[PDB]
Amino acid sequence: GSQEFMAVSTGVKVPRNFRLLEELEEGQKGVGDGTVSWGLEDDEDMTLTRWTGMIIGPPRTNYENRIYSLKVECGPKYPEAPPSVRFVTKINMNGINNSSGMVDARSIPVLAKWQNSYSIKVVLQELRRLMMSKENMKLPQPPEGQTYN
Amino acid sequence: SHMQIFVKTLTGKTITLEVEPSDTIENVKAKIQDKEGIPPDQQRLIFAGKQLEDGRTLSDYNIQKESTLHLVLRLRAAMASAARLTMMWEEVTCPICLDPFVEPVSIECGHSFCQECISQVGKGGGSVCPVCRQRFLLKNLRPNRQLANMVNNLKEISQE
Amino acid sequence: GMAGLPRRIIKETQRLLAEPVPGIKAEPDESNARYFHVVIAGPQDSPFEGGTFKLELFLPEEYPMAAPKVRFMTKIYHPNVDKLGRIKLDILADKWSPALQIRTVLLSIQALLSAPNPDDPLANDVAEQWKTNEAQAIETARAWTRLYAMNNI
Amino acid sequence: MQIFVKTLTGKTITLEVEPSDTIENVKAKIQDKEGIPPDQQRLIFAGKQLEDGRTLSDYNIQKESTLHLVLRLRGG
Ligand SMILES: [Zn+2]
Ligand SMILES: [Zn+2]
């Protein structure tokens with residue numbers, strides 16, 4: 001038949017809000033190296049939809065010392081559906097539309113091959129590790145402190 | 001061809017069921033069990049001034065689409081005595097698993113649980129009682145066989 | 001893929017539908033039997049009286065060996081409840097008992113509304129106000145209750 | 001008088017009290033029947049956590065009034 005017996009079953013269905021409440025606590029607890037940070041944009045949004053992230057530029061790269069603010073949006077299907085990603089500080093990186101900050105999910109593997117195992121922390125950590133790569137490590141950058149509108 | 005009917009509780013909750021005119025009353029009580037968790041023994045269905053019997057069909061009682069049924073919970077009044085026999089099941093219910101005791105054992109304070117249920121609580125050799133929070137050690141588990149004999153007595157009573 | 005829902009959750013769900021508690025409402029989600037949508041009444045003789053407070057509750061994989069996850073979906077002025085509805089209550093953490101149920105967890109949450117504790121707070125900015133002028137904080141809790149917890153259902 | 005008290009598992013028990021009997025007086029009858037120490041009992045009526053000092057009619061607890069038992073709890 002279509003279904004077969006399995007001895008072990010793990011991983012219950014966690015509702016979207018409680019998954020997002022867990023990601024909120026990890027960002028508030030400063031979990032990680034410190035080169036990334038994530039949290040809510042408006043701390044009254046009960047829907048936990050609009051988020052804001054931070055990324056420090058890696059050393060041995062072109063983005064060194066540069067603080068990058070980001071905005072992330074987790075839709076009603078998160079974490080099944082992927083979240084929308086954007087850049088608040090203007091940047092030059094392969095895979096981002098140049099006048100928007102909106103991220104092409106295609107040109108980034110974490111958002112292209114999206115899972116439910118992925119967190120907002122990973123979308124930020126691997127984006128900084130994506131900025132570590134050879135092609136954009138030597139990209140020219142605009143004056144730090146200028147943004148879109 | 002499935003059709004929709006409604007089963008409203010006296011509490012106010014309305015249930016939507018996908019049923020057939022050929023469904024017996026017991027078939028509906030099984031569909032209520034899967035969706036509401038309520039066993040069929042504790043169900044008494046009402047429709048248009050009549051109490052419905054498990055052997056007859058919805059068509060026998062002229063229950064068509066969008067008909068509204070009333071679910072009453074344990075409407076009848078005795079198998080020995082309704083509330084009192086119920087109190088007997090509650091006395092042999094494990095506070096952890098909420099099922100009748102399986103290998104019931106007691107801890108120091110005197111409260112009793114399923115052996116496996118309280119063993120999981122006391123992983124490492126001990127913990128606190130789930131009922132009164134007194135410390136207990138698994139080495140002091142004490143079998144409570146009268147509770148187990150009581151369970152089989154009540155189970156035999158249920159199946160007459 | 002699929003596995004049987006634990007019998008204890010089945011029992012609790014059926015007894016929430018058969019023996020409801022006055023002032024407390026809990027209903028499972030259509031897409032998730034571990035996900036509950038809750039409305040609790042504010043306790044009598046508290047600044048939250050007359051209010052209807054919405055919560056959501058989730059039974060994690062380890063339940064009942066672990067406490068349920070529960071938070072307010074209604075804005076409320078309380079030192080042990082932050083601005084996103086998260087609750088810091090000992091029976092939801094270190095003092096959890098596997099003998100507690102959804103019914104008694106929700107009864108304990110409205111018992112927390114009748115006994116705020118600004119000395120050990122979750123929302124320190126709220127608690128600082130509860131300690132500076134408790135009479136004003138009670139009035140503010142009463143005003144927040146009418147503003148956010150009345151005609152909200 | 002008669003009062004119902006819903007225990008932790010959900011089982012309901014009947015008790016013998018008076019309008020004058022204190023809250024801890026009710027807890028003693030609960031302790032004899034259920035073995036929960038009074039310092040670990042918390043009785044709820046109309047959502048308010050009862051304090052051991054006052055009496056039943058201080059809370060307007062008539063006959064056939066159902067109380068709800070809960071473990072000791074603290075906000076943090
Ligand atoms: Zn058990
Ligand atoms: Zn005990």
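Structure summary
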| item | result |
| --- | --- |
| For region B:18-67: rounded, prolate or oblate by the Cα gyration tensor [a/c cutoff 1.5] | prolate |
| Selected from D:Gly53, A:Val72, B:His111, residue furthest toward positive end of dipole (the protein assembly as shown; charges at beta carbon) | A:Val72 |
| Scattering curve values for region B:45-85, log₁₀ I(q)/I(0), Debye with Cα scatterers, q = 0.14, 0.25 Å⁻¹ | -0.42, -0.88 |
| Ranked by how many other beta carbons lie within 10 Å on average, peptides A:119-126, B:37-44, B:91-98 from highest | B:91-98, A:119-126, B:37-44 |
| Estimated vicinal HN-Hα couplings, Hz - region B:80-97 in sequence order (Karplus 6.51, -1.76, 1.60; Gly, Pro = x) | 10, 8, 4, 6, 6, 4, 4, 4, 6, 5, 5, 6, 10, 9, 6, x, 8, 8 |
| Mean Cα-pair separation over length for region B:62-160, i.e. relative contact order, pairs under 8 Å, 6 or more apart, % | 24 |
| 5 Å-binned pair-distance histogram of region D:2-71 (Cα, whole percent) | 4, 18, 35, 30, 13, 1 |
| Whichever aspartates and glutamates have a C-alpha closer than 14 Å to that of C:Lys131, once near sequence neighbours (fewer than 8 apart) are set aside | C:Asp119, C:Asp120, C:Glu139 |
| Gained length - B:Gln120 relative to B:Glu103, 0.36 nm times residue gap less alpha-carbon distance | 4.7 nm |
| Rel. contact order, % - alpha carbon contacts under 8 angstrom, at least six apart, chain D | 41 |
| Nearest-0.05 FRET efficiency for C:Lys131 and A:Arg60, computed from C-beta distance (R0 41 Å) | 0.20 |
| For chain A, size of Cβ-based charge dipole, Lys and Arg +1, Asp and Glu -1, in debye | 560 |
| Neighbourhood charge, 14 Å Cβ-Cβ cut-off, centred on C:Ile40 and excluding it, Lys, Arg +1 and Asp, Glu -1 | +2 |
| Residues with amide H under 5 Å from that of B:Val102, placed H, sequence gap 5 or more | B:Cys114, B:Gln115 |
| Taking chain A and dividing mean pair separation by its residue count, relative contact order in percent (alpha carbons under 8 Å, at least six apart) | 20 |
| Kirkwood hydrodynamic radius over Cα pairs of region A:1-61, then Stokes diffusion coefficient at 10 °C and 1.306 mPa s, in µm²/s | 108 |
| Kirkwood hydrodynamic radius over Cα pairs of chain B, then Stokes diffusion coefficient at 20 °C and 1.002 mPa s, in µm²/s | 116 |
| Computed FRET value (nearest 0.05) for A:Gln115 with B:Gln64, which takes r as the C-beta separation and R₀ as 60 Å | 0.80 |
| Amide H within-cut-off set for A:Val88, under 5 Å, with H built and near neighbours excluded | A:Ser69, A:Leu70, A:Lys71 |
| Fraction of alpha-carbon pairs over 37 Å apart in the protein assembly as shown - percent | 45 |
| Sites D:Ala28 and C:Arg7 - FRET efficiency at Förster radius 60 Å, r taken between beta-carbons, to 0.05 | 0.95 |
| Table column - 3J(HN,Hα) (Hz), region B:104-119, Karplus curve with 6.51, -1.76, 1.60, x for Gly and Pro | x, 9, 10, 10, 3, 5, x, 6, 10, 9, 4, 4, 5, 5, 6, 5 |
| From phi via Karplus (6.51, -1.76, 1.60), per-residue ³J(HN,Hα) for region A:35-40 in Hz, x at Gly/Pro | 7, 9, 7, 8, x, 7 |
| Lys, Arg +1 and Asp, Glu -1 on Cβ, resulting dipole of the protein assembly as shown about Cα centre, debye, nearest 20 | 760 |
| Near-label residues of region C:1-38 by backbone N, under 17 Å of a point 7 Å along Cα→Cβ of A:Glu4 | C:1-3 |
| Within straight-line cross-link reach of B:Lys29, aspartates and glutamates at Cα separation under 15 Å, skipping those fewer than 8 residues along the same chain | B:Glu18, B:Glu20, B:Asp41, B:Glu53, B:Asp54 |
| Cα-projected label distance for D:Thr55 with B:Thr86, points at 7 Å along beta-carbon direction, nm | 3.3 |
| Distance histogram for region C:1-145 (every C-alpha pair counted, 10 angstrom bins, percent rounded to whole numbers) | 11, 41, 32, 13, 3, 0 |
| Equivalent ellipsoid, chain A (semi-axes from 5 times Cα gyration tensor eigenvalues, Å) | 30, 18, 15 |
| In Å, descending, principal axis extents of the Cα set of region B:44-125 | 61, 28, 18 |
| Non-local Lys pairs in chain A, i.e. 8 or more apart or on different chains, that have alpha carbons under 29 Å apart | 27 |
| Hits among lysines - C-alpha to C-alpha of B:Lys31 under 23 Å, sequence gap 8 or more where chains match | B:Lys8, B:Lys13, B:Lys50, B:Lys65, C:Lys11 |
| Taking B:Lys35, A:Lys134, D:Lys27, B:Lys65 and counting other C-beta atoms within 10 Å, the order from fewest to most | A:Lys134, B:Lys65, B:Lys35, D:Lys27 |
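Note that each Cβ is placed from the backbone with ideal geometry, even for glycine, and that neighbours are counted across all protein chains shown. Only the coordinates and a few stated rules stand behind these numbers; no lab work does.
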